[PDB]
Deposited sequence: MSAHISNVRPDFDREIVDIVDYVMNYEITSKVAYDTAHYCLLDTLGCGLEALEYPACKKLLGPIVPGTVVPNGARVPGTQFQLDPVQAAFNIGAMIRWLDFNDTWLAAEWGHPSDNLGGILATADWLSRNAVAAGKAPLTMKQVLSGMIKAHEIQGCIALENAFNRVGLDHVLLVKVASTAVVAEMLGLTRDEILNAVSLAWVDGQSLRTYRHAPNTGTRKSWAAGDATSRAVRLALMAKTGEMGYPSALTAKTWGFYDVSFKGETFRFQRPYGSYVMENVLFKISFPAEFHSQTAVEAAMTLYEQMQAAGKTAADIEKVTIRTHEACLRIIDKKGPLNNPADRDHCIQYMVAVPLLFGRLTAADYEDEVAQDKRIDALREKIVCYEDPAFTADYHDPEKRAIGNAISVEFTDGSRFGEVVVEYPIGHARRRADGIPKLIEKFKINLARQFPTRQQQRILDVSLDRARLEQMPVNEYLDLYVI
């Protein structure tokens, strides 16, 4: 029988209905903030060298698109591309708690894997996904990462925070890919037994550019593992609480993850934005207009007028964007 920590995630992602206008309206702005941050990274040859397929010239049927390019890749290599771009310059949204992290990093996994399912449905004459289903996964992915991060500090045990990106992404993407309770339970358990990056690359005298791509490697890892679950691959029920071998004993010094509050809409409502306080939740009437210009400036830097216009027409209206099929939106960014 599965660790009750894993069950609480699985049930939240499967069954919870977000009813907060405030959470969706903020999800909307977090999407287009993050996307522009990615566009701005493309200016930088350190980022770009890490992008594309593994082997140039690969052809992937109905494969997931990378914005600002004409690449189309498998949902796993598409997720790392998007993840690494959006986090590269350290300008994306933020959540400071016991653990410090960037919940927008999960977009890579969610969005690459949502474009791919949409292009496949459309080719099979079925109904694609909508951009509303992506805010919805983004809200849920902020929640799971952010709530565990409130009281549980993984830096005091030597590990990088991107661990919580692995977990959050695997949970919402498995869903998502349309798996069974049992299968999603297996997928999340597989995340916990995985290996977890150190944070050596974040500190003097080893500070280095894996600080920029570590999160993108996690969200991509999430998608690889979710698709393994899709096959029927088994899970590991006592992955956290197992004596000697489980995660608590090996990596968290025998202590338990302690979660103060139940999962809801709490993180996306109160997230911080780097839009130069203004980027705070209470000052959103000052900060939202500053965000739109940042998004406006960044479109200008990869796209010409007409394109930057026709993207801005759909995007700056919450309805309209919500209703739009994800394959059709992401096309706008080629």
item	value
Deposited residues without C-alpha coordinates, grouped into stretches that follow sequence order	1-10, 287-424, 483
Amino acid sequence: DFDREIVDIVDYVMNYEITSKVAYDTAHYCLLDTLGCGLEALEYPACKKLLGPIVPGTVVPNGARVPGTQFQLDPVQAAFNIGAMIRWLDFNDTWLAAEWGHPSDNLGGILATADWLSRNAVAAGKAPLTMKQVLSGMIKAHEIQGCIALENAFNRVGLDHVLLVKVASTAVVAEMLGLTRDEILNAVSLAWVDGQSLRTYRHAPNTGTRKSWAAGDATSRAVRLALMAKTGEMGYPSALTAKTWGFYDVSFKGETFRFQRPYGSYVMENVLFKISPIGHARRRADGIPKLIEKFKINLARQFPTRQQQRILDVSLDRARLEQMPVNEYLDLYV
From here on, numbers count along this sequence of modelled residues.
| property | result |
| --- | --- |
| Between the two ranges 41-49 and 267-275, the one averaging a larger CA B factor in the entry | 267-275 |
| 75-83 set against 154-162, stretch whose average Cα temperature factor tops the other in the entry | 154-162 |
| Options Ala97, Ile139, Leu227, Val250 - largest CA temperature factor per the record | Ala97 |
| C-alpha B-factor winner, where the candidates are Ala112, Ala204, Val173, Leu129 | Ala204 |
| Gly287 CA temperature factor, ranked by third within the chain | highest |
| Record-listed C-alpha B factor of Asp90: chain third | highest |
| Third assignment of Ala123 from its chain's C-alpha B-factors | lowest |
| Record-listed C-alpha B factor of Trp116: chain third | lowest |
| B-factor third for the C-alpha atom of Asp217 within its chain | lowest |
